[PDB]
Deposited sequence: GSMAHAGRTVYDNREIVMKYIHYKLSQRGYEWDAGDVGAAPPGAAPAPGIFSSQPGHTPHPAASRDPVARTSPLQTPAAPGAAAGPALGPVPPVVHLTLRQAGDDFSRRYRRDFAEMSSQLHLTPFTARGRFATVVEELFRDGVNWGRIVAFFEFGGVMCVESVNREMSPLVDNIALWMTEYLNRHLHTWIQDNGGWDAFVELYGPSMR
């Protein structure tokens, strides 16, 4: 029942802010505070994987659509749980920061579009049948 566009907009804005790059159905402020804390906690627990994806990425204007569609597919291939959604969000921040490192900043708008479309199409079904975002913040808080 929450706008999935604001959730991904406010998240990539925070991931690009931690690197100092800046950027451009109600939504409560609590779902944003939990998603940032969970993504940072996820990154700390799997720092060996965070540096792994940041190196093996190799982002180009054409493989960017190839990398996103292949990684997100392999990420949810077993199923959909809240821990994999946090990894899904964190993977979006990885491909956005790595895009602006190689000075491909316009890809942030394309990645934010791909994340919003995948949430509304392939993940909106599971999130509703699990209490929504208000249940996700209760598992972490």
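Sequence ranges absent from the coordinates, based on the deposited chain and numbered from 1:
Counting from residue 1, the stretches without coordinates are 1 to 9, 34 to 88, 206 to 209.
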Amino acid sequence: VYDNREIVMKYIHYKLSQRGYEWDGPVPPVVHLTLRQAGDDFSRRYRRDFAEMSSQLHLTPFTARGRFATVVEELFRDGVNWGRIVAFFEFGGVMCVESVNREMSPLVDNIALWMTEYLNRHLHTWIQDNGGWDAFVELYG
From here on, numbers count along this sequence of modelled residues.
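Would you mind comparing 86 to 94 and 55 to 63 for me and telling me which has the higher average C-alpha temperature factor in the entry?
In the deposited entry, the stretch with the higher C-alpha B-factor mean is 55 to 63.
Looking at the entry, does 12 to 20 or 124 to 132 show the higher mean C-alpha B-factor?
Stretch with the greater average CA B-factor: 124 to 132.
Relative to the other modelled residues of the same chain, rank the CA B-factor of residue 33 and answer lowest, middle or highest third.
Answer is middle: the recorded C-alpha B-factor places it there.
Please say which third, lowest, middle or highest, residue 107 falls into when its CA temperature factor is compared across its chain.
Answer is highest: the recorded C-alpha B-factor places it there.
Ranking the modelled residues of this chain by C-alpha B-factor as given in the entry, is residue 27 in the lowest, middle or highest third?
For residue 27, the deposited C-alpha B-factor lands in the highest third.
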